[PDB]
Number of protein chains: 2
Amino acid sequence: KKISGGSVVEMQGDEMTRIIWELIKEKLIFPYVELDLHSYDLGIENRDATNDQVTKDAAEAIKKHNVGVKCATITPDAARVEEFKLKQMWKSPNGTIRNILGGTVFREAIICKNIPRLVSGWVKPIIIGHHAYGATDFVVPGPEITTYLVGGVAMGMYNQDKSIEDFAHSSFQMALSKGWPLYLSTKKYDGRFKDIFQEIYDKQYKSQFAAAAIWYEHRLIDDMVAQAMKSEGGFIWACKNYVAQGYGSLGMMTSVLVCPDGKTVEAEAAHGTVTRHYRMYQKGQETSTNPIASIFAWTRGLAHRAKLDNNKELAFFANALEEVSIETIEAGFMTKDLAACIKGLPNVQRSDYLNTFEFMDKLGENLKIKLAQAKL
Amino acid sequence: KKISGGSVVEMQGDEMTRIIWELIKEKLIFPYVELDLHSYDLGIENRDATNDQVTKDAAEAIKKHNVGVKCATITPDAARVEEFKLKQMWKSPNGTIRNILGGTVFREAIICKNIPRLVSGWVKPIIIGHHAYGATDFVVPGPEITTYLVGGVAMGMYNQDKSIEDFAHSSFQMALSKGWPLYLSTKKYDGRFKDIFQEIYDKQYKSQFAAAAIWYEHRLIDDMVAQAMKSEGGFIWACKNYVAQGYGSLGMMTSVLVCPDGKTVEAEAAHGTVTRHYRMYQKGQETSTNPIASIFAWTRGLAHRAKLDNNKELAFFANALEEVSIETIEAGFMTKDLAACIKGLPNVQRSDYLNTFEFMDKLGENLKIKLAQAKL
Ligand SMILES: *OP(=O)(O)O[C@@H]1[C@H](O)[C@@H](COP(=O)(O)OP(=O)(O)OC[C@H]2O[C@@H](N3C=CCC(C(N)=O)=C3)[C@H](O)[C@@H]2O)O[C@H]1n1cnc2c(N)ncnc21
Ligand SMILES: *OP(=O)(O)O[C@@H]1[C@H](O)[C@@H](COP(=O)(O)OP(=O)(O)OC[C@H]2O[C@@H](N3C=CCC(C(N)=O)=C3)[C@H](O)[C@@H]2O)O[C@H]1n1cnc2c(N)ncnc21
Ligand SMILES: O=C(O)C[C@H]1CCN(c2ccc(C(=O)N[C@@H]3[C@@H]4C[C@@H]5C[C@H]3C[C@@](O)(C5)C4)c(SC3CCCCC3)n2)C1
Ligand SMILES: O=C(O)C[C@H]1CCN(c2ccc(C(=O)N[C@@H]3[C@@H]4C[C@@H]5C[C@H]3C[C@@](O)(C5)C4)c(SC3CCCCC3)n2)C1
């Protein structure tokens, strides 16, 4: 009999990540877990038909059930307005959900031994989160802020303390959850971030970090980058300042929005819908899309659900699926992007990787085997 | 007979870098070059005695003679106010000179084959410059900028176009001088930097870069860092945003303030006075201070002087001194910081490095040999 999963808020996406989403739901989750799934179709067509209301409804559902799992959606531009005949250029769903829930988005890459990383010395995962908004910029033609005194360009921003307290609480809750030490990086206004972090830490998180064998320290980003390059990793990085690019493969990058209460979490893939692979999929050409980010979104969601419900079966299942993914990649079975991470894209042959459906089938067989091995 | 050097503005410093400054002047420069040296003693005692006027006078002298060579000075704090009984906590001389002259400071590390760098893939020098100021920050107790609308913390900044044009001109003049491609990194207000750089480039620097076999491109800093880590180097990096730390040894780091006109240049060591080594020097203990940054400040100053005067002898001499330094370090003779860069500080023995005066004597012998080898 399947595990009793619980209440999970599902958010369906677009294009290739939508295909991968249904594949993961049918091959890795539903055959073994029975969920109270609150499905919200965040497709661009459904978003346009409901005037982007389904995104608000889904965010409220995450606020109610404390667990959300999101697929990659389309942030529309003008070309997207033409492609789907949209009634408007809708806002980013991630920004709407992040604004309704609050908290902080944390990104982490999945580590495999045979997949080279940006720095060889890195051994343990490095989780990175940034302070979101939730600032006025105008141009001065020719020759104050209230009252202080400030052609060219003038911009003035205001940041409430509530956002600093939410960022601090989210960082501390994340560090307590993962069990890694927390480091804050900054660069007069920045003098308040350090004092608020230190006060909330000393008053509400000192004995918790001490019991968790972790700690919190403050750094300058100039020191944080250099020290991070010459370290083994294994830490949470709260970055200040005011997607990704080329720091590894995007199929291994995962994202988790964490609310300051420490109970509401949204997991999703850090990459996008992977549009090019979807264009090759529509014409019927062979694709090789990496499903690790979405799978780990599901396993992070089920993991936090198990933590909230104290469901040991669900936690063991999510951890088991993560282990199946990492072990499958380490055994030599991977998509084309990882083989390109190993041998380099020019030297990549067809025998060096599996396509999308072959890799999903491999993960299905290996997950079935590992779950069958749990016979005590 | 000595070379006719020309007019050079000298700025004497403090403590260990002052000792090294006199050593370099007596061992590597004066025996071979006859300079119209406009010496300005920027010592903390002389700065305090003249109410920091000697810094202004020196900066004006650099503005007149287009060439400046500066030693490391002391930026005083409270402890420095007590140490020298200062009449005031004087401002940074580098900021005063940089404000009087304008331009942009560019930092570059000296490369040696046996001295490991932060990334193994780096082969060619990476020069990095930032946009200086030359912004109001206040606290809001409880519940606009003119007129646009903006407890907490509020800050408002204003940046004229003249600073953007000076930063652009200085970056283009630097890229033309060194012969490396220029890359600008940014992150609404930032939309003007790109347009000003592109306009000044297309109207005043296109055929110059084309003739110099270089080019200019715009990047996002998120892409600039990742792409820079997976490149061989050899470029100028104009960084926007709004000393060093641990990106190598500070004894190999050099700084050059470049005015937008492309004719006025100030060279100095990127590191500070190295106070600890001076404390070991006062007690009579053996020290091992790296003189490469100050030597390369002198050779950069003499190099720009030779370029302004079309003095081929002076340029050949400065380049010869740089070659003597790099070749001497590559031959196995170095200070303790470089030996620590090789074998690691715990595994560093006394036989792995030379002290300060031994290294200066070695550079004297090798420079004498190379200059004697120039017998055609
Ligand atoms: O072919 P190759 O592997 O070189 O290139 C692929 C892929 O094309 C590229 C990035 O694709 P991407 O979807 O990550 O980003 P992009 O296509 O520019 O944006 C497309 C689409 O995604 C929406 N986003 C963006 C970010 C997150 C997000 C969300 N809702 O959470 C939505 C944008 O709005 C836009 O409409 O890199 C290669 N790539 C990326 N990921 C890959 C995987 N998993 N497997 C293989 N290659 C992958
Ligand atoms: O002993 P070890 O090699 O580990 O440490 C030395 C040195 O102590 C340390 C940095 O010394 P520093 O002078 O670079 O920076 P610091 O001592 O913190 O500041 C001292 C003094 O310098 C003035 N500055 C600062 C920056 C530039 C500057 C200027 N006017 O241009 C002035 C400050 O105001 C302050 O009063 O790192 C090691 N180190 C640095 N440089 C070394 C060399 N050349 N050789 C060997 N070790 C060196
Ligand atoms: O030539 C050498 O071998 C030594 C040089 C090479 C690199 N270097 C410095 C010297 C100084 C710096 C440096 O100051 N980095 C800062 C920049 C870039 C980012 C990190 C820091 C804060 C920030 O706000 C963002 C501004 C750097 S940044 C480095 C570039 C390469 C990729 C990682 C980030 N690099 C000194
Ligand atoms: O776990 C892995 O193997 C993949 C992770 C590890 C590193 N990583 C990312 C993923 C994303 C980023 C990243 O977004 N870097 C930006 C930060 C830090 C600085 C560079 C960029 C602009 C900036 O303003 C300054 C803000 C980074 S920064 C990197 C950290 C390590 C030293 C060099 C600079 N790193 C993805």
# chains A, B, ... in the order shown; residues from 1 in each chain; ligands from 1
call {"tool": "closest_atom_pairs", "arguments": {"of": "chain A", "to": "chain B", "cutoff": "9 Å", "atoms": "only C-alpha atoms", "output": "tab-separated table"}}
result
residue	atom	partner	partner_atom	distance
A:118	CA	B:229	CA	8.4
A:119	CA	B:119	CA	8.8
A:135	CA	B:150	CA	5.8
A:136	CA	B:150	CA	5.7
A:137	CA	B:189	CA	6.5
A:138	CA	B:189	CA	7.6
A:139	CA	B:189	CA	8.0
A:140	CA	B:160	CA	8.9
A:144	CA	B:146	CA	5.7
A:145	CA	B:145	CA	4.3
A:146	CA	B:144	CA	5.7
A:148	CA	B:136	CA	7.1
A:149	CA	B:136	CA	6.9
A:150	CA	B:136	CA	5.7
A:151	CA	B:160	CA	6.2
A:152	CA	B:160	CA	4.3
A:153	CA	B:159	CA	6.0
A:154	CA	B:158	CA	4.8
A:155	CA	B:157	CA	6.2
A:156	CA	B:156	CA	4.4
A:157	CA	B:150	CA	5.9
A:158	CA	B:154	CA	4.8
A:159	CA	B:152	CA	6.0
A:160	CA	B:152	CA	4.3
A:161	CA	B:152	CA	5.2
A:162	CA	B:152	CA	8.4
A:188	CA	B:137	CA	6.5
A:189	CA	B:153	CA	6.3
A:192	CA	B:153	CA	8.2
A:222	CA	B:245	CA	7.4
A:223	CA	B:245	CA	6.5
A:226	CA	B:246	CA	5.8
A:227	CA	B:246	CA	7.2
A:229	CA	B:118	CA	8.4
A:230	CA	B:118	CA	8.7
A:244	CA	B:222	CA	8.0
A:245	CA	B:223	CA	6.5
A:246	CA	B:226	CA	5.8
A:247	CA	B:226	CA	6.1
call {"tool": "residues_around", "arguments": {"residues": "region 65-70 of chain A", "least_positions_apart": "2", "cutoff": "6 Å", "atoms": "only C-alpha atoms", "output": "NGL selection string"}}
result
:A and (8-11 or 62-63 or 264-268 or 301)
call {"tool": "residues_around", "arguments": {"residues": "residue 321 (chain A)", "least_positions_apart": "4", "cutoff": "8 Å", "atoms": "only C-alpha atoms", "output": "number ranges by chain"}}
result
A: 28, 299, 317, 325, 367
call {"tool": "atom_distance", "arguments": {"atom1": "atom 11 (O, counted along the ligand's line) of ligand 2", "atom2": "CA of residue 251 (chain B)"}}
result
9.2 Å
call {"tool": "residues_around", "arguments": {"residues": "residue 214 (chain A)", "least_positions_apart": "6", "cutoff": "7 Å", "atoms": "only C-alpha atoms", "output": "count of residues only"}}
result
3
call {"tool": "closest_atom_pairs", "arguments": {"of": "chain B", "to": "ligand 2", "cutoff": "10 Å", "atoms": "only C-alpha atoms and all ligand atoms", "output": "JSON lines"}}
result
{"residue": "B:13", "atom": "CA", "partner": "ligand 2", "partner_atom_place_in_ligand_line": "30 (N)", "distance": 7.7}
{"residue": "B:14", "atom": "CA", "partner": "ligand 2", "partner_atom_place_in_ligand_line": "22 (O)", "distance": 8.6}
{"residue": "B:15", "atom": "CA", "partner": "ligand 2", "partner_atom_place_in_ligand_line": "21 (C)", "distance": 8.9}
{"residue": "B:16", "atom": "CA", "partner": "ligand 2", "partner_atom_place_in_ligand_line": "13 (O)", "distance": 8.7}
{"residue": "B:17", "atom": "CA", "partner": "ligand 2", "partner_atom_place_in_ligand_line": "44 (N)", "distance": 8.0}
{"residue": "B:20", "atom": "CA", "partner": "ligand 2", "partner_atom_place_in_ligand_line": "44 (N)", "distance": 9.5}
{"residue": "B:42", "atom": "CA", "partner": "ligand 2", "partner_atom_place_in_ligand_line": "30 (N)", "distance": 9.7}
{"residue": "B:70", "atom": "CA", "partner": "ligand 2", "partner_atom_place_in_ligand_line": "31 (O)", "distance": 7.8}
{"residue": "B:71", "atom": "CA", "partner": "ligand 2", "partner_atom_place_in_ligand_line": "31 (O)", "distance": 6.8}
{"residue": "B:72", "atom": "CA", "partner": "ligand 2", "partner_atom_place_in_ligand_line": "30 (N)", "distance": 4.0}
{"residue": "B:73", "atom": "CA", "partner": "ligand 2", "partner_atom_place_in_ligand_line": "30 (N)", "distance": 3.8}
{"residue": "B:74", "atom": "CA", "partner": "ligand 2", "partner_atom_place_in_ligand_line": "36 (O)", "distance": 4.1}
{"residue": "B:75", "atom": "CA", "partner": "ligand 2", "partner_atom_place_in_ligand_line": "34 (O)", "distance": 3.6}
{"residue": "B:76", "atom": "CA", "partner": "ligand 2", "partner_atom_place_in_ligand_line": "34 (O)", "distance": 6.2}
{"residue": "B:77", "atom": "CA", "partner": "ligand 2", "partner_atom_place_in_ligand_line": "36 (O)", "distance": 8.3}
{"residue": "B:80", "atom": "CA", "partner": "ligand 2", "partner_atom_place_in_ligand_line": "36 (O)", "distance": 8.0}
{"residue": "B:92", "atom": "CA", "partner": "ligand 2", "partner_atom_place_in_ligand_line": "30 (N)", "distance": 7.3}
{"residue": "B:93", "atom": "CA", "partner": "ligand 2", "partner_atom_place_in_ligand_line": "30 (N)", "distance": 6.7}
{"residue": "B:94", "atom": "CA", "partner": "ligand 2", "partner_atom_place_in_ligand_line": "30 (N)", "distance": 6.1}
{"residue": "B:95", "atom": "CA", "partner": "ligand 2", "partner_atom_place_in_ligand_line": "30 (N)", "distance": 9.3}
{"residue": "B:243", "atom": "CA", "partner": "ligand 2", "partner_atom_place_in_ligand_line": "26 (C)", "distance": 5.1}
{"residue": "B:244", "atom": "CA", "partner": "ligand 2", "partner_atom_place_in_ligand_line": "26 (C)", "distance": 8.1}
{"residue": "B:245", "atom": "CA", "partner": "ligand 2", "partner_atom_place_in_ligand_line": "37 (O)", "distance": 8.2}
{"residue": "B:246", "atom": "CA", "partner": "ligand 2", "partner_atom_place_in_ligand_line": "37 (O)", "distance": 9.3}
{"residue": "B:249", "atom": "CA", "partner": "ligand 2", "partner_atom_place_in_ligand_line": "42 (C)", "distance": 7.1}
{"residue": "B:250", "atom": "CA", "partner": "ligand 2", "partner_atom_place_in_ligand_line": "41 (N)", "distance": 4.6}
{"residue": "B:251", "atom": "CA", "partner": "ligand 2", "partner_atom_place_in_ligand_line": "44 (N)", "distance": 3.5}
{"residue": "B:252", "atom": "CA", "partner": "ligand 2", "partner_atom_place_in_ligand_line": "44 (N)", "distance": 7.3}
{"residue": "B:253", "atom": "CA", "partner": "ligand 2", "partner_atom_place_in_ligand_line": "44 (N)", "distance": 8.6}
{"residue": "B:254", "atom": "CA", "partner": "ligand 2", "partner_atom_place_in_ligand_line": "31 (O)", "distance": 9.7}
{"residue": "B:255", "atom": "CA", "partner": "ligand 2", "partner_atom_place_in_ligand_line": "31 (O)", "distance": 8.5}
{"residue": "B:267", "atom": "CA", "partner": "ligand 2", "partner_atom_place_in_ligand_line": "31 (O)", "distance": 9.9}
{"residue": "B:268", "atom": "CA", "partner": "ligand 2", "partner_atom_place_in_ligand_line": "31 (O)", "distance": 6.7}
{"residue": "B:269", "atom": "CA", "partner": "ligand 2", "partner_atom_place_in_ligand_line": "31 (O)", "distance": 6.1}
{"residue": "B:270", "atom": "CA", "partner": "ligand 2", "partner_atom_place_in_ligand_line": "27 (C)", "distance": 5.7}
{"residue": "B:271", "atom": "CA", "partner": "ligand 2", "partner_atom_place_in_ligand_line": "14 (O)", "distance": 4.0}
{"residue": "B:272", "atom": "CA", "partner": "ligand 2", "partner_atom_place_in_ligand_line": "13 (O)", "distance": 3.1}
{"residue": "B:273", "atom": "CA", "partner": "ligand 2", "partner_atom_place_in_ligand_line": "13 (O)", "distance": 4.1}
{"residue": "B:274", "atom": "CA", "partner": "ligand 2", "partner_atom_place_in_ligand_line": "13 (O)", "distance": 3.2}
{"residue": "B:275", "atom": "CA", "partner": "ligand 2", "partner_atom_place_in_ligand_line": "17 (O)", "distance": 4.8}
{"residue": "B:276", "atom": "CA", "partner": "ligand 2", "partner_atom_place_in_ligand_line": "8 (O)", "distance": 5.0}
{"residue": "B:277", "atom": "CA", "partner": "ligand 2", "partner_atom_place_in_ligand_line": "1 (O)", "distance": 6.4}
{"residue": "B:278", "atom": "CA", "partner": "ligand 2", "partner_atom_place_in_ligand_line": "8 (O)", "distance": 9.0}
{"residue": "B:279", "atom": "CA", "partner": "ligand 2", "partner_atom_place_in_ligand_line": "8 (O)", "distance": 9.9}
{"residue": "B:280", "atom": "CA", "partner": "ligand 2", "partner_atom_place_in_ligand_line": "1 (O)", "distance": 9.7}
{"residue": "B:287", "atom": "CA", "partner": "ligand 2", "partner_atom_place_in_ligand_line": "46 (C)", "distance": 8.8}
{"residue": "B:288", "atom": "CA", "partner": "ligand 2", "partner_atom_place_in_ligand_line": "46 (C)", "distance": 6.4}
{"residue": "B:289", "atom": "CA", "partner": "ligand 2", "partner_atom_place_in_ligand_line": "45 (N)", "distance": 3.8}
{"residue": "B:290", "atom": "CA", "partner": "ligand 2", "partner_atom_place_in_ligand_line": "45 (N)", "distance": 3.8}
{"residue": "B:291", "atom": "CA", "partner": "ligand 2", "partner_atom_place_in_ligand_line": "44 (N)", "distance": 6.0}
{"residue": "B:292", "atom": "CA", "partner": "ligand 2", "partner_atom_place_in_ligand_line": "44 (N)", "distance": 7.4}
{"residue": "B:293", "atom": "CA", "partner": "ligand 2", "partner_atom_place_in_ligand_line": "44 (N)", "distance": 7.0}
{"residue": "B:294", "atom": "CA", "partner": "ligand 2", "partner_atom_place_in_ligand_line": "44 (N)", "distance": 8.5}
{"residue": "B:335", "atom": "CA", "partner": "ligand 2", "partner_atom_place_in_ligand_line": "46 (C)", "distance": 7.5}
{"residue": "B:336", "atom": "CA", "partner": "ligand 2", "partner_atom_place_in_ligand_line": "46 (C)", "distance": 7.2}
{"residue": "B:337", "atom": "CA", "partner": "ligand 2", "partner_atom_place_in_ligand_line": "46 (C)", "distance": 5.5}
{"residue": "B:338", "atom": "CA", "partner": "ligand 2", "partner_atom_place_in_ligand_line": "46 (C)", "distance": 8.4}
{"residue": "B:340", "atom": "CA", "partner": "ligand 2", "partner_atom_place_in_ligand_line": "3 (O)", "distance": 9.2}
{"residue": "B:345", "atom": "CA", "partner": "ligand 2", "partner_atom_place_in_ligand_line": "4 (O)", "distance": 9.5}
{"residue": "B:356", "atom": "CA", "partner": "ligand 2", "partner_atom_place_in_ligand_line": "45 (N)", "distance": 9.1}
call {"tool": "residues_around", "arguments": {"residues": "residue 3 (chain A)", "least_positions_apart": "3", "cutoff": "8 Å", "atoms": "only C-alpha atoms", "output": "list in words"}}
result
residues 32, 33, 34, 313 and 314 of chain A
call {"tool": "write_last_selection", "arguments": {"atoms": "N, CA and C atoms", "output": "short mmCIF file (atom, residue, chain, number, x, y, z; two decimals), in the first residue's frame"}}
result
data_model
loop_
_atom_site.label_atom_id
_atom_site.label_comp_id
_atom_site.auth_asym_id
_atom_site.auth_seq_id
_atom_site.Cartn_x
_atom_site.Cartn_y
_atom_site.Cartn_z
N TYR A 32 3.86 5.33 -5.47
CA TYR A 32 4.30 5.02 -4.12
C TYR A 32 3.73 5.94 -3.05
N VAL A 33 3.11 7.06 -3.41
CA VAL A 33 2.60 8.02 -2.43
C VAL A 33 1.17 8.40 -2.81
N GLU A 34 0.31 8.51 -1.80
CA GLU A 34 -1.07 8.96 -1.94
C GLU A 34 -1.17 10.33 -1.28
N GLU A 313 7.83 7.57 7.17
CA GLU A 313 7.78 6.89 5.87
C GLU A 313 8.00 7.88 4.73
N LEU A 314 7.35 9.04 4.79
CA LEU A 314 7.48 10.02 3.72
C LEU A 314 8.90 10.56 3.64
#
call {"tool": "residues_around", "arguments": {"residues": "residue 99 (chain A)", "least_positions_apart": "2", "cutoff": "12 Å", "atoms": "only C-alpha atoms", "output": "compact mmCIF listing (two decimals) with N, CA and C atoms, in the first residue's frame"}}
result
# COMPACT_ATOMS: atom_id res chain seq x y z
N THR A 55 -2.57 32.00 -9.86
CA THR A 55 -1.31 32.14 -9.13
C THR A 55 -1.55 32.62 -7.70
N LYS A 56 -2.43 33.61 -7.54
CA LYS A 56 -2.78 34.08 -6.20
C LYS A 56 -3.43 32.97 -5.39
N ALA A 59 -0.81 30.52 -4.30
CA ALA A 59 0.01 31.07 -3.22
C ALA A 59 -0.73 31.02 -1.89
N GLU A 60 -2.02 31.38 -1.89
CA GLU A 60 -2.82 31.27 -0.68
C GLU A 60 -2.91 29.82 -0.21
N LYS A 63 0.16 29.07 1.57
CA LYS A 63 0.11 29.68 2.89
C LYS A 63 -0.76 28.88 3.85
N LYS A 91 2.79 39.23 -14.84
CA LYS A 91 3.97 39.28 -14.00
C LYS A 91 4.53 37.88 -13.76
N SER A 92 5.73 37.84 -13.19
CA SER A 92 6.35 36.56 -12.87
C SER A 92 5.57 35.87 -11.76
N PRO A 93 5.15 34.61 -11.96
CA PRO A 93 4.46 33.90 -10.87
C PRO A 93 5.33 33.71 -9.64
N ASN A 94 6.64 33.53 -9.82
CA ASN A 94 7.53 33.37 -8.68
C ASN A 94 7.57 34.63 -7.82
N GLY A 95 7.50 35.80 -8.46
CA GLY A 95 7.48 37.04 -7.71
C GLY A 95 6.16 37.29 -7.01
N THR A 96 5.06 36.85 -7.61
CA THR A 96 3.75 36.99 -6.97
C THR A 96 3.63 36.07 -5.77
N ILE A 97 3.99 34.79 -5.94
CA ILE A 97 3.97 33.85 -4.83
C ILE A 97 4.94 34.29 -3.74
N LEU A 101 3.71 35.14 0.07
CA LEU A 101 4.22 34.35 1.19
C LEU A 101 5.30 35.07 1.98
N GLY A 102 6.13 35.87 1.31
CA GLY A 102 7.30 36.42 1.96
C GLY A 102 8.44 35.42 1.96
N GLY A 103 9.38 35.63 2.87
CA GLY A 103 10.49 34.72 3.03
C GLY A 103 11.63 35.02 2.08
N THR A 104 12.48 34.01 1.88
CA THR A 104 13.70 34.15 1.11
C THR A 104 13.91 32.90 0.26
N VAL A 105 14.33 33.10 -0.99
CA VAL A 105 14.60 32.01 -1.91
C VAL A 105 16.04 31.55 -1.73
N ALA A 132 15.15 39.68 -1.30
CA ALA A 132 14.28 40.18 -2.35
C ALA A 132 13.72 41.55 -1.96
N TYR A 133 12.95 42.14 -2.88
CA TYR A 133 12.35 43.45 -2.64
C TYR A 133 11.00 43.30 -1.93
N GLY A 134 9.91 43.42 -2.68
CA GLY A 134 8.58 43.29 -2.12
C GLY A 134 8.20 44.45 -1.22
N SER A 163 11.41 43.66 6.48
CA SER A 163 12.07 42.82 5.48
C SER A 163 13.40 42.29 5.98
N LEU A 257 11.78 28.61 -1.56
CA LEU A 257 11.32 29.78 -0.82
C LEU A 257 10.95 29.37 0.60
N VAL A 258 11.51 30.07 1.58
CA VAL A 258 11.36 29.74 2.99
C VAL A 258 10.76 30.94 3.71
N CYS A 259 9.61 30.73 4.35
CA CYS A 259 8.94 31.79 5.10
C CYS A 259 9.59 31.97 6.47
call {"tool": "select_by_dssp", "arguments": {"residues": "region 12-173 of chain B", "states": "strand (DSSP E or B)", "output": "ChimeraX atom specification"}}
result
/B:12,33-41,67-70,104-109,124-130,136-140,145,148,152-160
call {"tool": "write_last_selection", "arguments": {"atoms": "C-alpha atoms", "output": "PDB file, in the first residue's frame"}}
result
ATOM      1  CA  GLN B  12      57.204  59.409   0.362  1.00  0.00           C
ATOM      2  CA  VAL B  33      68.371  57.384 -13.837  1.00  0.00           C
ATOM      3  CA  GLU B  34      68.680  61.151 -13.317  1.00  0.00           C
ATOM      4  CA  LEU B  35      65.221  62.528 -12.527  1.00  0.00           C
ATOM      5  CA  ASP B  36      63.709  65.979 -12.079  1.00  0.00           C
ATOM      6  CA  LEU B  37      62.220  64.629  -8.874  1.00  0.00           C
ATOM      7  CA  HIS B  38      59.530  66.771  -7.222  1.00  0.00           C
ATOM      8  CA  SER B  39      59.669  65.133  -3.800  1.00  0.00           C
ATOM      9  CA  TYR B  40      56.667  65.575  -1.499  1.00  0.00           C
ATOM     10  CA  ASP B  41      56.942  64.014   1.960  1.00  0.00           C
ATOM     11  CA  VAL B  67      53.406  61.517 -13.670  1.00  0.00           C
ATOM     12  CA  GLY B  68      53.155  60.506 -10.029  1.00  0.00           C
ATOM     13  CA  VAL B  69      54.720  57.721  -7.953  1.00  0.00           C
ATOM     14  CA  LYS B  70      53.310  57.267  -4.452  1.00  0.00           C
ATOM     15  CA  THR B 104      39.867  55.657 -12.137  1.00  0.00           C
ATOM     16  CA  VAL B 105      42.109  53.387 -10.061  1.00  0.00           C
ATOM     17  CA  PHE B 106      43.164  50.146 -11.768  1.00  0.00           C
ATOM     18  CA  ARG B 107      44.664  47.223  -9.847  1.00  0.00           C
ATOM     19  CA  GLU B 108      46.741  44.436 -11.392  1.00  0.00           C
ATOM     20  CA  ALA B 109      48.677  41.538  -9.874  1.00  0.00           C
ATOM     21  CA  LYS B 124      47.339  36.544 -18.675  1.00  0.00           C
ATOM     22  CA  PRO B 125      46.968  39.515 -16.298  1.00  0.00           C
ATOM     23  CA  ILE B 126      43.495  40.596 -15.189  1.00  0.00           C
ATOM     24  CA  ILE B 127      43.259  44.336 -14.490  1.00  0.00           C
ATOM     25  CA  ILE B 128      40.297  45.483 -12.381  1.00  0.00           C
ATOM     26  CA  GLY B 129      39.046  49.029 -11.889  1.00  0.00           C
ATOM     27  CA  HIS B 130      36.060  50.447 -10.043  1.00  0.00           C
ATOM     28  CA  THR B 136      22.870  60.460   1.865  1.00  0.00           C
ATOM     29  CA  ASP B 137      22.081  57.786   4.455  1.00  0.00           C
ATOM     30  CA  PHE B 138      19.671  58.381   7.339  1.00  0.00           C
ATOM     31  CA  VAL B 139      17.323  56.415   9.595  1.00  0.00           C
ATOM     32  CA  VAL B 140      13.522  56.691   9.587  1.00  0.00           C
ATOM     33  CA  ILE B 145      12.699  62.570  -3.379  1.00  0.00           C
ATOM     34  CA  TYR B 148       9.020  61.154  -6.900  1.00  0.00           C
ATOM     35  CA  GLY B 152      13.481  51.783   8.564  1.00  0.00           C
ATOM     36  CA  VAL B 153      16.541  53.204   6.795  1.00  0.00           C
ATOM     37  CA  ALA B 154      16.392  55.577   3.821  1.00  0.00           C
ATOM     38  CA  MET B 155      19.247  56.551   1.507  1.00  0.00           C
ATOM     39  CA  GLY B 156      19.314  58.620  -1.668  1.00  0.00           C
ATOM     40  CA  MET B 157      22.196  58.987  -4.121  1.00  0.00           C
ATOM     41  CA  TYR B 158      22.851  61.171  -7.164  1.00  0.00           C
ATOM     42  CA  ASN B 159      25.448  60.458  -9.857  1.00  0.00           C
ATOM     43  CA  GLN B 160      26.277  63.042 -12.508  1.00  0.00           C
TER      44      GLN B 160
END
call {"tool": "select_by_dssp", "arguments": {"residues": "region 85-299 of chain A", "states": "helix (DSSP H, G or I)", "output": "PyMOL selection string"}}
result
chain A and resi 93-101+161-178+190-204+206-211+221-229+250-252+275-282+292-299
call {"tool": "residues_around", "arguments": {"residues": "residue 351 (chain A)", "least_positions_apart": "3", "cutoff": "12 Å", "atoms": "only C-alpha atoms", "output": "PyMOL selection string"}}
result
chain A and resi 332-336+339+347-348+354-355
call {"tool": "write_last_selection", "arguments": {"atoms": "N, CA and C atoms", "output": "mmCIF file, in the first residue's frame"}}
result
data_model
loop_
_atom_site.group_PDB
_atom_site.id
_atom_site.type_symbol
_atom_site.label_atom_id
_atom_site.label_comp_id
_atom_site.auth_asym_id
_atom_site.auth_seq_id
_atom_site.Cartn_x
_atom_site.Cartn_y
_atom_site.Cartn_z
ATOM 1 N N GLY A 332 27.013 6.430 -14.109
ATOM 2 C CA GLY A 332 27.324 6.620 -15.512
ATOM 3 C C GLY A 332 26.130 6.912 -16.393
ATOM 4 N N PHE A 333 24.924 6.956 -15.836
ATOM 5 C CA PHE A 333 23.710 7.222 -16.597
ATOM 6 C C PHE A 333 23.265 8.654 -16.328
ATOM 7 N N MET A 334 23.285 9.484 -17.367
ATOM 8 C CA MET A 334 23.002 10.903 -17.218
ATOM 9 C C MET A 334 22.482 11.451 -18.540
ATOM 10 N N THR A 335 22.062 12.713 -18.509
ATOM 11 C CA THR A 335 21.595 13.398 -19.701
ATOM 12 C C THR A 335 22.776 14.028 -20.440
ATOM 13 N N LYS A 336 22.473 14.746 -21.524
ATOM 14 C CA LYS A 336 23.532 15.279 -22.375
ATOM 15 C C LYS A 336 24.268 16.438 -21.712
ATOM 16 N N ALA A 339 26.971 14.912 -19.359
ATOM 17 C CA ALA A 339 28.056 14.382 -20.179
ATOM 18 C C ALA A 339 28.885 15.510 -20.776
ATOM 19 N N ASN A 347 33.337 16.896 -27.442
ATOM 20 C CA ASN A 347 33.726 15.496 -27.346
ATOM 21 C C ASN A 347 32.594 14.597 -26.858
ATOM 22 N N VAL A 348 31.352 15.071 -26.901
ATOM 23 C CA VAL A 348 30.212 14.307 -26.407
ATOM 24 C C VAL A 348 29.637 13.477 -27.547
ATOM 25 N N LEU A 354 21.954 9.491 -22.084
ATOM 26 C CA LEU A 354 20.633 8.986 -22.418
ATOM 27 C C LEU A 354 19.704 10.159 -22.703
ATOM 28 N N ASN A 355 18.638 9.889 -23.450
ATOM 29 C CA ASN A 355 17.664 10.931 -23.741
ATOM 30 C C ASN A 355 16.795 11.154 -22.503
#
